[PDB]
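Since the structure comes first, as structure tokens, the remarks are kept for the end.
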Amino acid sequence: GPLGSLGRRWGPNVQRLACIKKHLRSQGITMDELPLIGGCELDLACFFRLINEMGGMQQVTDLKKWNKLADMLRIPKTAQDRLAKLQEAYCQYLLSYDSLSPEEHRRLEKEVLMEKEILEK
């Protein structure tokens, strides 16, 4: 097929979503199928970047503005649980992972990063 340009780095968005996924499952959270929020699909890479762009997680959560950051993430406003589900969804995901020490980062990252780099040979 025309697709299949594997071999080197898959990209930052892929590396981020991969690292979080590996940790989530290894932490007791099975996310092999697909993550969902507010009845819709969400990209950990896109979500992670969004929070960081909001002056860090502290701002997003403390200043109570998940509505805006999430809005850009493409979430249904009709969901009366997307707001609360999101708060707990990130607090139990992004928070936990983001709390990981340099070891869990290098270990989990080095594993995935190499898995893709040396995927060829």
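Naming scheme: A, B, ... for chains in displayed order of the structure tokens; residues 1 onward per chain; ligands 1 onward as shown.
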Within 12 Å of region 98-112 of chain A: each region 24-91 of chain A residue with its shortest pair, only C-alpha atoms, as a tab-separated table:
residue	atom	partner	partner_atom	distance
A:24	CA	A:108	CA	10.8
A:25	CA	A:108	CA	11.6
A:26	CA	A:108	CA	9.7
A:27	CA	A:100	CA	11.0
A:48	CA	A:98	CA	9.5
A:51	CA	A:98	CA	11.4
A:52	CA	A:98	CA	11.0
A:56	CA	A:98	CA	11.1
A:57	CA	A:98	CA	9.6
A:58	CA	A:98	CA	12.0
A:90	CA	A:98	CA	10.0
A:91	CA	A:98	CA	9.7
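The protein and nucleic acid residues lying at most 8 Å from residue 97 (chain A) are residues 20, 23, 24 and 93 of chain A, with only C-alpha atoms considered and sequence neighbours fewer than 4 positions away removed.
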Deliver the residues from the most recent selection as a file, using N, CA and C atoms, as a compact mmCIF listing (two decimals), in the first residue's frame.
# COMPACT_ATOMS: atom_id res chain seq x y z
N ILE A 20 1.79 7.79 27.64
CA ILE A 20 0.66 7.84 28.56
C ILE A 20 -0.11 6.52 28.54
N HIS A 23 1.75 3.73 30.38
CA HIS A 23 1.68 3.94 31.82
C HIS A 23 0.27 3.65 32.34
N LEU A 24 -0.73 4.10 31.61
CA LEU A 24 -2.12 3.90 32.00
C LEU A 24 -2.43 2.42 32.21
N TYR A 93 -5.67 10.59 35.33
CA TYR A 93 -4.84 10.22 34.19
C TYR A 93 -3.64 11.16 34.05
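One distance worth recording is that between CA of residue 44 (chain A) and CA of residue 16 (chain A), which is 7.4 Å.
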(request) Just list the residues in chain A DSSP gives strand (DSSP E) on the backbone, as a list in words. (result) residues 36, 37, 40 and 41 of chain A
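Of the listed residues (A:45, A:66, A:53, A:71), A:45 comes nearest to residue 12 (chain A); the distances count only C-alpha atoms.
Nearest residue to residue 67 (chain A) among A:95, A:49, A:19, A:38 is A:38, counting only C-alpha atoms.
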(request) For residue 68 (chain A), work out the shell of residues within 12 Å, counting only C-alpha atoms and skipping chain neighbours fewer than 4 positions away, then give it as number ranges by chain. (result) A: 47, 50-51, 53-54, 59-61, 63-64, 72-75, 77, 83
(request) Give the helix (DSSP H, G or I) residues of chain A, as DSSP finds them on the backbone, and put them as a PyMOL selection string. (result) chain A and resi 12-26+44-53+57-62+66-72+82-91+94-99+102-117
The selected residues should be written to file as a compact mmCIF listing (two decimals), in the first residue's frame (atoms: C-alpha atoms).
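Contents of out18.txt, as written:
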# COMPACT_ATOMS: atom_id res chain seq x y z
CA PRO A 12 5.66 13.99 19.31
CA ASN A 13 1.89 13.52 19.33
CA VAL A 14 2.37 9.77 18.91
CA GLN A 15 5.16 9.58 21.49
CA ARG A 16 3.05 11.44 24.04
CA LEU A 17 -0.06 9.33 23.47
CA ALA A 18 2.11 6.21 23.54
CA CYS A 19 3.93 7.01 26.79
CA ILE A 20 0.66 7.84 28.56
CA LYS A 21 -1.01 4.71 27.19
CA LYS A 22 1.82 2.44 28.33
CA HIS A 23 1.68 3.94 31.82
CA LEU A 24 -2.12 3.90 32.00
CA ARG A 25 -2.31 0.16 31.32
CA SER A 26 0.73 -0.54 33.50
CA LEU A 44 -4.19 12.50 24.99
CA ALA A 45 -1.51 14.27 22.95
CA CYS A 46 -3.86 17.10 22.01
CA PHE A 47 -5.25 17.31 25.54
CA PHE A 48 -1.82 17.27 27.19
CA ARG A 49 -0.55 20.07 24.95
CA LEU A 50 -3.69 22.10 25.61
CA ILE A 51 -3.26 22.01 29.39
CA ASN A 52 0.41 22.99 29.09
CA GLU A 53 -0.48 25.87 26.76
CA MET A 57 -2.28 22.30 34.73
CA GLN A 58 -2.52 24.50 37.82
CA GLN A 59 -4.14 27.24 35.73
CA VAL A 60 -6.54 24.94 33.87
CA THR A 61 -7.83 23.36 37.09
CA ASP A 62 -7.30 26.17 39.63
CA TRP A 66 -11.57 23.25 31.55
CA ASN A 67 -14.60 24.39 29.56
CA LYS A 68 -12.40 26.41 27.18
CA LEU A 69 -9.41 24.07 26.95
CA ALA A 70 -11.84 21.17 26.46
CA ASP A 71 -13.86 23.18 23.93
CA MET A 72 -10.86 23.28 21.60
CA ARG A 82 -18.38 15.85 30.30
CA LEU A 83 -17.34 18.59 32.72
CA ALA A 84 -17.19 16.47 35.88
CA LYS A 85 -16.05 13.37 33.99
CA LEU A 86 -13.23 15.39 32.46
CA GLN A 87 -12.06 16.76 35.82
CA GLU A 88 -11.82 13.27 37.32
CA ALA A 89 -10.66 11.78 34.01
CA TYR A 90 -7.59 14.01 33.87
CA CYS A 91 -7.00 14.03 37.62
CA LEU A 94 -2.84 13.34 33.30
CA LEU A 95 -2.29 14.10 36.99
CA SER A 96 -1.05 10.62 37.92
CA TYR A 97 1.18 10.33 34.86
CA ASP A 98 2.37 13.93 35.07
CA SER A 99 3.25 13.15 38.69
CA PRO A 102 12.07 11.10 36.13
CA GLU A 103 12.54 7.33 36.40
CA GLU A 104 9.04 6.33 35.26
CA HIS A 105 9.48 8.84 32.44
CA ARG A 106 12.86 7.64 31.19
CA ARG A 107 11.93 3.98 31.70
CA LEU A 108 8.52 4.17 30.03
CA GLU A 109 9.79 6.58 27.39
CA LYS A 110 13.02 4.73 26.64
CA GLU A 111 10.96 1.56 26.21
CA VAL A 112 8.45 3.00 23.74
CA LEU A 113 10.93 5.33 22.02
CA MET A 114 13.25 2.41 21.28
CA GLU A 115 10.37 0.12 20.33
CA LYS A 116 9.61 2.50 17.45
CA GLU A 117 13.20 3.38 16.54
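CA of residue 43 (chain A) to CA of residue 30 (chain A) spans 15.6 Å [interatomic distance, one decimal].
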